[PDB]
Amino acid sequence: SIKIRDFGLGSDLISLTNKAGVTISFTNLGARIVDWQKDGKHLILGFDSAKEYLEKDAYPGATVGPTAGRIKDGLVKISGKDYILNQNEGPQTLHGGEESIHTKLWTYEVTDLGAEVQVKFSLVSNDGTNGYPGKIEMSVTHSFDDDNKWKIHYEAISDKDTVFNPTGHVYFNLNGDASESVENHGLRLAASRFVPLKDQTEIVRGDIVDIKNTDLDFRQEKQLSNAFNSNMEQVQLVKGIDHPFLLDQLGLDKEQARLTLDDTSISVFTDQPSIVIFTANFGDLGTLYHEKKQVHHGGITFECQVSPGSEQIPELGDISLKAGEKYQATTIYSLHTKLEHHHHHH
């Protein structure tokens, strides 16, 4: 079933319920996921109206871009040319600059395929917007099916050579309450290396480091508390995790990550090379979610994309997008029950 209603300020809330009774909802404000519930329990973090997003935190669940992450000094090189993008974080360009895509009302159309329902959001980034050559015609399709798979498919075409590397900023919290730390969740992640940050400004350090056998090694499932309790320099620098993890094996076919809590698991699939993880290291900020004051470590992201810092570490990849070339990206979050035995206590 499909339902639509005003969500505030002119945005709409599109709610889907699949045959299993699982419901998920999106808004055209930032082509964003707002909620995902199983049996009355929220699996992700979200607000109750559009204004909350604009007044509390505009990132949760959003589509962010055109480039996700930080670009040192907002400088990129496009076809031998240097371009400076909007710098909204000191001299850095963070998540595409100020008042970026996550803050706009996208147009959308809904396609009912029966076992699957797709919600295709569209937006055009005009040439020069925030310093980005364009125009860029973008589309983000969120779909949910009877198999409990929530899929995100990105498509884009530019009139000019530009850069493109968007992501989805959902935050999970299997506790269903932001005031409950995710340190009690089990995490499995197929990555042997990570990208350290230089310092508090959070630009990349310049090197790639092997994390096998460290408190950041999750190849084999472990509780998130292991990472949170770590005094490794990188953990201490950010007060949790806030780093790109390089996947060891690529392909949409492979389960790259799995987040578990008791009988529920979220599996992550993608065709991208890295997973940027941020564990809501907000300290005592306490942003209110459903009237619950969010705790430090009260959420975790799995931002699939080309790793940030390729400007400094070419080995990370290339986010350039050629004029007329079609960009595509696919990320999938699938929900399961009783995938494994996870009975722990915090």
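A residue's number is simply how far along the shown sequence it sits, counting from 1.
S.K.: Could you settle it for me: does 77 to 85 or 191 to 199 have the higher average Cα B factor in the PDB entry?
M.R.: Between 191 to 199 and 77 to 85, it is 77 to 85 that shows the higher mean C-alpha B-factor.
S.K.: Quick check: 283 to 291 versus 301 to 309, which has the larger average CA B-factor in the record?
M.R.: Stretch with the greater average CA B-factor: 283 to 291.
S.K.: Of the options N175, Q220, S274, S100, which has the highest CA B factor as deposited?
M.R.: Of the candidates given, the C-alpha B-factor peaks at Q220.
S.K.: Lowest, middle or highest third: where is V110 by Cα B-factor in its chain?
M.R.: Lowest third - that is where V110 ends up once the chain's C-alpha B-factors are sorted.
S.K.: C-alpha B factor of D242, ranked within the chain: lowest, middle or highest third?
M.R.: Tercile = lowest for this residue's CA B-factor.
S.K.: Please say which third, lowest, middle or highest, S179 falls into when its CA temperature factor is compared across its chain.
M.R.: Answer is middle: the recorded C-alpha B-factor places it there.
S.K.: Is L316 in the lowest, middle or highest third of its chain when residues are ranked by C-alpha B-factor?
M.R.: Its C-alpha B-factor, which the entry lists for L316, ranks in the highest third among residues of this chain.
S.K.: Which third of the chain does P166 land in by C-alpha B-factor: lowest, middle or highest?
M.R.: Its C-alpha B-factor belongs to the middle third of this chain's values.
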